[PDB]
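Below, chain A is the first sequence line, B the second, and so on; all start at residue 1. Computed over heavy atoms, backbone and side chain alike; hydrogens, waters and symmetry mates excluded.
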Amino acid sequence: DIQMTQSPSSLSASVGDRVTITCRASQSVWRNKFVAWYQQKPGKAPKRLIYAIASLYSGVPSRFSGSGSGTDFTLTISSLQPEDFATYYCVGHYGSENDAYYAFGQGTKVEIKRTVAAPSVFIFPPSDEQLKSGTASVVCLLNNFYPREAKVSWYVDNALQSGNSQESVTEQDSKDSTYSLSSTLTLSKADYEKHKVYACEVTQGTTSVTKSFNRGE
Amino acid sequence: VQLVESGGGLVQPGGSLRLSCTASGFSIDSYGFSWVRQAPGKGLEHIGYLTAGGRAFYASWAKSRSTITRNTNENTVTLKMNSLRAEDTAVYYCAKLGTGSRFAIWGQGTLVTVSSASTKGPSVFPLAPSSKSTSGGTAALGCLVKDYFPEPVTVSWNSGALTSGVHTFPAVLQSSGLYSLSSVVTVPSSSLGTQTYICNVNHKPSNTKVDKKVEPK
């Protein structure tokens, strides 16, 4: 086997910052040079950026450069751009006449650092159409916030909910560098029609924002 | 030149996958090829490698369950894996990784879903704009795409004429074993009485397309 260990595992940097990602192979890579760097943007297959430690592939932006030898390798982004939001992998090959193993590093997430932005919070009751299926989904939207971290808490007639919500986050927006999050509270039709006030509470820093509705209004 | 994976689809828990990788524009035995995969929300993972000479080396985690072979007649390299786990649900690629050479090539990848659920098209419920999902002159609306299997769905708005402010969230796997996601869009509140908003949901695995008009209130 061979493995690759990348550092850091995630980073934030401002537009135009220099970014450095390091990678340590558990074995000497083949011919001391068989290391590539891959980039995976959101919703895309992986794309090779650099091969043989430092060779930039045709059509890869020139702010990407690779360095190192033996078992220690480094990817440098000289001037971070929003389009660089991706997970980056070093890929190493261990070879001998009786060996041929490859490994990806664990990946390094890169995002753009910007100023904090408060989310715009919207809450949606279940449709009457879904209720006839026996299930009620209450959706809470947190739109265009930064940074990615936020706490969402569901309240039903002031009772804190637990274990019946699921959350999902977008990738960083290429233009405003914000994220968006959805929290969906799932209830039985019986439970939903039994209570009145539904509230989603969003906490970012020193601010909590709660959007609510009363059932059937 | 082209690599094309085939044999993807559904596998019951504890079953086996059988994937083929068909080369176009060259003979499959002029190079060595890798099988790689990526589970949802995880990093890329090397499975095994078949040298140009036809010898199969496996990453240790995969060796006990996996078999990689070659069929020069059909110009294919094959992957078989047994006792499939939930954690084996992933997009699988064949690839010459190009860690040291300029020649790299990847297939487009094929999804393998390891589950006891069966194929089901989505129910698409409105996330209606209201006085509550309006703040200032911005209204939020969307569609809840619930209870489909397997991944993926694609969502557009008004046949692709509307993309600004659209957020289509990653799918979540519900306890039922079916997937769910919401797609949302913010629009001028002043458009709600005039403009028609239709989400177009496509679920290729079930050959189902749903167009849901989202009306206010």
[X]: which residues meet the ring-ring contact (aromatic ring centres under 6.0 Å, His included) condition with it, sequence neighbours left out?
X        : value
B/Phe33  : B/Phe26
B/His203 : B/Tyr148
A/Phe145 : none
A/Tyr94  : none

Donor-acceptor check, side chain of [X] to backbone of [Y], threshold 3.5 angstrom: yes or no?
X        : Y        : answer
A/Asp157 : A/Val197 : yes
B/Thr99  : A/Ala36  : no
B/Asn200 : B/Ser159 : yes
B/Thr138 : B/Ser135 : no
B/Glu5   : B/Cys94  : yes
A/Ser10  : A/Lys109 : no
A/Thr170 : A/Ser180 : yes
A/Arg215 : A/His195 : yes
B/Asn158 : B/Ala161 : no
B/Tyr179 : B/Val153 : no

Is there a donor-acceptor contact under 3.5 Å linking the side chains of [X] and [Y]?
X        : Y        : value
A/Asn164 : A/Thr186 : no
B/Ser123 : A/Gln130 : no
A/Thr135 : B/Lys146 : no
B/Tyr197 : B/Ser191 : yes

Calculate, to the nearest 0.5 Å, the distance between atoms [atom1] and [atom2] belonging to [X] and [Y] respectively.
X        : Y        : atom1 : atom2 : value
A/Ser137 : B/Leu144 : OG    : CG    : 5.0 Å
A/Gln166 : B/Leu173 : CD    : CG    : 8.0 Å
A/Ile77  : A/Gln39  : CD1   : CD    : 8.0 Å
A/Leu181 : A/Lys151 : CG    : NZ    : 14.0 Å
B/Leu127 : B/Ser182 : CG    : OG    : 4.5 Å
A/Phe73  : A/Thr71  : CZ    : OG1   : 6.5 Å

Over all atoms of both residues, closest heavy-atom pair of [X] and [Y]:
X        : Y        : result
B/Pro122 : B/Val210 : O-CG2, 4.1 Å
A/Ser174 : A/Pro82  : O-CB, 3.6 Å
B/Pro129 : B/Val214 : CD-CG1, 4.0 Å
B/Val185 : B/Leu162 : CG2-CD2, 4.0 Å
A/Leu141 : B/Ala140 : CD2-CB, 4.3 Å
A/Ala103 : A/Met4   : O-CG, 3.5 Å

*Quick one: do B/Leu10 and B/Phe149 satisfy side chain to side chain contact (heavy atoms under 4.5 Å, CB included)? Show the steps, please.*
CA-CA 10 Å; B/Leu10 307 184; B/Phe149 184 90; 3.7 Å; yes
Among residues two or more places apart or on two chains, list those pairs meeting salt bridge (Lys or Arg N to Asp or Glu O under 4.0 Å) that have a residue in [range].
range                       : value
residues 51-61 of chain A   : none
residues 195-217 of chain B : A/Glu129-B/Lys212, B/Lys213-B/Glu215
residues 54-75 of chain A   : A/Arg24-A/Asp72, A/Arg63-A/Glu83, A/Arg63-A/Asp84
residues 177-201 of chain A : A/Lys189-A/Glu193, A/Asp191-A/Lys194

Could you tell me how the ring of [X] sits relative to the ring of [Y]: parallel (under 30°), tilted (30 to 60°) or perpendicular (over 60°)?
X        : Y        : result
A/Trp30  : A/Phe34  : perpendicular
A/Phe104 : A/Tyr89  : perpendicular
B/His46  : A/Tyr102 : tilted

_Among residues at least two apart in sequence or on other chains, which ones pass side-chain contact (heavy atoms from CB on, under 4.5 Å) with A/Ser65?_
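Partners of A/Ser65 by the side-chain contact (heavy atoms from CB on, under 4.5 Å) criterion, ordered by chain and then number, come out as A/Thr76.
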*B/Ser189: partners by side-chain contact (heavy atoms from CB on, under 4.5 Å), with sequence neighbours left out*: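 If we apply the side-chain contact (heavy atoms from CB on, under 4.5 Å) test to B/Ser189, skipping adjacent residues, the hits are B/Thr134, B/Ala139.
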_Identified side chain to side chain donor-acceptor pair (under 3.5 Å) counterpart of A/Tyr179 within the set A/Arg148, A/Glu149, A/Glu111_ =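 The option that passes is A/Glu111.
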Show the atom names and distances, to 0.1 Å, of all donor-acceptor pairs under 3.5 Å that link a side chain in residues 103-118 of chain B to residues at least two apart or in another chain.
from	atom 1	to	atom 2	distance (Å)
B/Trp106	NE1	A/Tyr38	OH	3.0
B/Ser115	OG	B/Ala117	N	3.1

*Is the B/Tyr49 to B/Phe57 ring centre distance short of 6.0 Å?*
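Not close enough - the centres of the two rings lie 6.0 Å or further apart.
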*After noting the C-alpha distance and the side-chain angles of B/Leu141 and A/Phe122, does the key distance pass the side chain to side chain contact (heavy atoms under 4.5 Å, CB included) rule?*
CA-CA 9 Å; B/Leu141 65 115; A/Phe122 306 87; over 6 Å; no
*Salt-bridge test for B/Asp88 and B/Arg65: reply yes if a basic N is under 4.0 Å from a carboxylate O, no otherwise.*
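Salt bridge between B/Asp88 and B/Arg65, a charged N being under 4.0 Å from a carboxylate O: yes.
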Flag yes if more than 12 heavy atoms outside [X] fall under 6.0 Å of its [atom1] atom; otherwise flag no.
X        : atom1 : value
A/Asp128 : CG    : no
A/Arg18  : CZ    : no
A/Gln3   : CD    : no

pair [X]-[Y]: side-chain heavy atoms closer than 4.5 Å:
X        : Y        : result
A/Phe85  : A/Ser177 : no
B/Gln195 : B/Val187 : no
B/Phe125 : A/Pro126 : no

*asked:* Holding to salt bridge (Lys or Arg N to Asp or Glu O under 4.0 Å), I want the full list of residues that pass it with B/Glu87, two or more places apart in sequence or in another chain.
replied: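 Result, salt bridge (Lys or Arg N to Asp or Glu O under 4.0 Å) vs B/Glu87: B/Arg85.
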